[PDB]
Structure formats: C-alpha cells, structure tokens
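Here's the structure we're looking at; comments come further down.
Note that ligands are numbered from 1 as they come in the structure, with each ligand's atoms numbered from 1 the same way. Quick note: residue numbers are just sequence positions, from 1. All values below come from the heavy atoms of this structure, side chains included, with hydrogens, waters and symmetry mates left out.
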Amino acid sequence: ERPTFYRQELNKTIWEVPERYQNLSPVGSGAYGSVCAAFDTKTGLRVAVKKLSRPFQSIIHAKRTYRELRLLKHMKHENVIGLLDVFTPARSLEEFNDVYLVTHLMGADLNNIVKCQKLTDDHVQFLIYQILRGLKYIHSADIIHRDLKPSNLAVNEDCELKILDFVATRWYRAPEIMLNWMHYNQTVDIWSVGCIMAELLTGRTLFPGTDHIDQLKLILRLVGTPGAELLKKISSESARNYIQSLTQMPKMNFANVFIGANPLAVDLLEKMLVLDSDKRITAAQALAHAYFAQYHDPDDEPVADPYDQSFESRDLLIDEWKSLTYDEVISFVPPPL
Ligand SMILES: CN(C)c1cnc(-c2cccc3ccccc23)c(-c2ccncc2)n1
Ligand SMILES: Fc1ccc(-c2n[nH]cc2-c2ccncc2)cc1
Ligand SMILES: Fc1ccc(-c2n[nH]cc2-c2ccncc2)cc1
C-alpha cells in the first residue's frame, strides 16, 4: 500500500480505499459488485467507486474479473466508461483479494432520462450520435457490447453520454440472438441502438416481449417474416421449420409506424432495424447519416487501439487468473488530469 487506506462499512459491505477518496455514499449494488459515489481530493472530481464482488471465488469469477479490468483499461473514449484508477488494499499478491475500480461520477442512466416520455428531436440526435460514436470505437477494437439497453447508458445533465458494462434486456436484443445463432456479429449492437432510438422518439418500448418467443414474434410483426435471401442463411432445420411455419407477414411502413418523427430519423431506423444482420447499417456508416448533420465530424470519431482477446480461449488455474489481474492492477497508469 503506497497511499494510506481507511476502512468503513456501508450497507453490510466493507470498503477499504485510499484516503484521497472521501465521503463515500452508496449509489447501487449488483451481483457483480457495489458502487459508491465519492470525492477525489486529488483531482477535485466526483467519482464512482466500484468494489467487485468475490472476484476470485472461482476460475469463472477470476477470468471475468480479468476480462473486466482488461477491457476497462483499454477503453479510452469520451462516450465509453473508462478508468480513473484501480486499486487494492493488498500489499502483495499473496494477500490480494479485492479489486476497486474508479471512474468519473455520472448522474443517471438513460432510462431515468426517458421518464417513459418523448425526448425532443435534438436530444434524440445528440444521444444516439454519442452512442454510435462510442460504438464505432468499441467495434473498431473487435469488441461486441451485446447487452446495450437504456440502463447501460450513463447520462449527465448536459446530455453527455457514456456506454457502460460491455428494464428487460431481451427487449433490446437482436432477433438472431433470440434464435440462438452462434455466429452473430457486431450489428447486434446496431439492432439495440435502433430499439433505443425508437423508444426515445415514441416514449414506448418498441418490442416489449414477455419471453424469447414473444420477443421474436413482436419483431417479425414490425419488420416482417424473413425473405428468401435470409432463409438461405439458417442452418438449423428446426429453426427453419419454425420460421417458415409462421403465417408470413410483410414489413410495415416505418413512415406510418413513426409518423410525426423527423423523416431522417425514420430513415435511419429503417437502416438499423433490418432483419438480416448482414444488411444492417454499421456504426461508422450511421454516423455519416444526414440525421446527424449537426453533430457529425469525421475527424473527431476515433477508432481504438487493437485489443487482444486471445486470453478468452485460455483455460488457466484460479491463481493464474488472479496473478494476471494483479499484474494489471500494478501496471495501471492513470489518464492525464
Ligand atoms: C450498471 N450501472 C449503471 C453501473 C455499473 N458500474 C458503474 C461503475 C461504478 C464505479 C466505478 C466504475 C468503474 C468502471 C466501470 C463502471 C463503474 C456505474 C457508474 C459509473 C459512473 N457513475 C455512476 C455509476 N454504473
Ligand atoms: F424465438 C425462438 C427461438 C428459437 C426457436 C427455435 N429454434 N429452433 C427451433 C425453434 C422452435 C421453437 C419453438 N417451437 C418450435 C421450434 C424458435 C423461436
Ligand atoms: F426470423 C429470423 C430473424 C432473424 C434472423 C437473422 N438475422 N440475421 C441473421 C439471422 C440468422 C439467424 C439464424 N441463423 C443464421 C442467421 C433470421 C431469422
């Protein structure tokens, strides 16, 4: 321990952090960890501190901890959560048991901003622009988010947005994921963005499926049952039988479904909510869409440094994942103040 730590209990959870962080107050808890807001005396910044839950209890948890830390250390973009700091009270690998992550405090999530109401067109343009700008970066690193939804989008009072954590998740999931296709691609994230954008425009969940089958049904109601070109790509005999046995439905007219919305917004929705993932617009392409003319800047939509996910295929011992994680804690270099 280079800095001096202090201990305290907050909601049954023990928090041991450096004295630079003051006035911890809980903001939320999950199965993966708990978060407190705090004041960083060194920078004058309000920060969020996340304490991971049982990070090395099993090989599974240990690998997930490593995965999360590696990802977070790599994400350096204005629209993606990143790290201000990472620390452990442990003085050596032997006593290493806890991991704390620090980032700039964000005020609320998009679900809170939606208030289940319609946002203005300018707000929809700026919020979706930011999601896509972050998604361009994430995708450029060969990372798929896979779980985009309003609760995973942090937003400040000035409408600044950051993507987090690479109500029901299924509502924003791509149809090919409902079908359990093993080879989905990055455009599953674009599907999610389309579902989010629709909700910001209408104030209603686009596809509020009660289960996976219902979710697919609702999707096909809007975009229609698969055409011949898409059917040819389905390997599963059972899946084809199921799909081809549904009463066929044509694609709805998006202009009528979203009547009143900016025609440019409607056009983009049409390009995002395409049933065949191979024909969906990419994040980079979407940024160039006329809907974002007021915000698009091709010279300020950066890509990420390459990201090595080779560790994902490795089968290591629990202490090996723990040691790799410890190395990542020790090697952390904070971003310039
Ligand atoms: C599920 N949600 C909404 C989460 C999850 N984790 C963190 C989080 C909280 C604290 C530190 C973090 C470090 C890296 C990545 C995420 C975090 C936050 C958070 C981040 C910034 N401000 C407020 C809250 N929200
Ligand atoms: F949403 C989904 C997800 C998967 C299936 C499925 N895949 N293979 C076979 C089927 C299926 C599901 C239900 N009834 C018959 C067949 C059908 C709908
Ligand atoms: F009903 C549907 C809904 C979506 C899909 C889908 N869209 N993009 C890719 C596919 C797909 C699904 C299953 N197997 C291969 C590809 C295919 C059938």
Residue-ligand contact [X]/ligand 1, heavy atom below 4.0 Å:
{"X": "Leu72", "value": "yes"}
{"X": "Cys36", "value": "no"}
{"X": "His104", "value": "yes"}
{"X": "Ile81", "value": "yes"}

- Task: Indicate whether the side chain of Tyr66 and that of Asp327 have a donor and an acceptor atom separated by less than 3.5 Å.
- Result: no

With distance as the sole test, does [X] use its side chain to make a donor-acceptor pair with the main-chain N or O of [Y] at under 3.5 Å?
{"X": "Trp15", "Y": "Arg7", "result": "no"}
{"X": "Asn185", "Y": "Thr187", "result": "yes"}
{"X": "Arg173", "Y": "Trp191", "result": "no"}

Decide, yes or no, whether a salt bridge links [X] with [Y] under the criterion of side-chain N to carboxylate O below 4.0 Å.
{"X": "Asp300", "Y": "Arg133", "answer": "yes"}
{"X": "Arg280", "Y": "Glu176", "answer": "yes"}
{"X": "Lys51", "Y": "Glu16", "answer": "no"}

To the nearest 0.1 Å, how far is [atom] from its closest protein heavy atom, and which atom is that?
{"atom": "atom 25 (N) of ligand 1", "value": "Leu164 CD1, 4.2 Å"}
{"atom": "atom 20 (C) of ligand 1", "value": "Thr103 CG2, 3.7 Å"}
{"atom": "atom 11 (C) of ligand 1", "value": "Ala48 O, 3.2 Å"}
{"atom": "atom 6 (N) of ligand 1", "value": "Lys50 NZ, 3.7 Å"}
{"atom": "atom 7 (C) of ligand 1", "value": "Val35 CG2, 4.1 Å"}
{"atom": "atom 4 (C) of ligand 1", "value": "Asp165 OD2, 4.1 Å"}

- Message: So if I count the atoms of ligand 2 from 1 in the order they appear, which ones are less than 4.0 Å from some heavy atom of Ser238?
- Response: 8 (N), 9 (C)

- Query: Which of the atoms in ligand 2, numbered in the order shown and given with their element, are less than 4.0 Å from a heavy-atom of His212?
  - Reply: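 Counting atoms of ligand 2 from 1, those under 4.0 Å from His212 are 1 (F).
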
- Taking atom 18 (C) of ligand 1 as the reference point, report whether a protein heavy atom occurs under 4.0 Å from it. no

- Side chain to side chain, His123 and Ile113, heavy atoms closer than 4.5 Å: no

- Item | ligand 1 atoms in contact with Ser151 (distance to a heavy atom under 4.0 Å) | 3 (C)

- Query: When only distance counts, is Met106 in polar contact with ligand 1, meaning an N/O pair under 3.5 Å?
  - Reply: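 By distance alone, the answer is yes.
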
- Item | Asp98 versus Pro55, closest heavy-atom pair with distance |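 Closest approach of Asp98 to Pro55: CA-CG, 4.5 Å.
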
- Query: Other than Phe96, which residues form its hydrophobic cluster under the rule that side-chain heavy atoms must be closer than 4.5 Å?
  - Reply: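 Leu52, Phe56, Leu69, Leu72, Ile81, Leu83, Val86, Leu93, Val99, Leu101, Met106, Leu164, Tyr326, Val329, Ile330, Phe332, which link up through side-chain heavy atoms under 4.5 Å apart, make up the rest of the cluster.
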
- Message: Show, in sequence, the C-alpha distance, side-chain angles and deciding distance for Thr65 and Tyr32, and conclude whether the side chain to side chain contact (heavy atoms under 4.5 Å, CB included) test is met.
- Response: CA-CA 9 Å; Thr65 298; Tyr32 297 145; over 6 Å; no

- Determine whether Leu179 and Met249 fall in the same hydrophobic cluster, where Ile, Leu, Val, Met, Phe, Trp and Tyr are linked whenever their side-chain heavy atoms lie under 4.5 Å apart. no

- Query: Where does the angle between the aromatic ring planes of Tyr307 and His74 fall among parallel (under 30°), tilted (30 to 60°) and perpendicular (over 60°)?
  - Reply: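 Judged by the thresholds at 30° and 60°, the geometry between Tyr307 and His74 is tilted.
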
- Query: Name the residues in contact with ligand 3, where contact means a heavy atom under 4.0 Å away: which are they?
  - Reply: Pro175, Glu176, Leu179, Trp181, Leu220, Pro226, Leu230, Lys233, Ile234, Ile243, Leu275, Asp276, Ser277

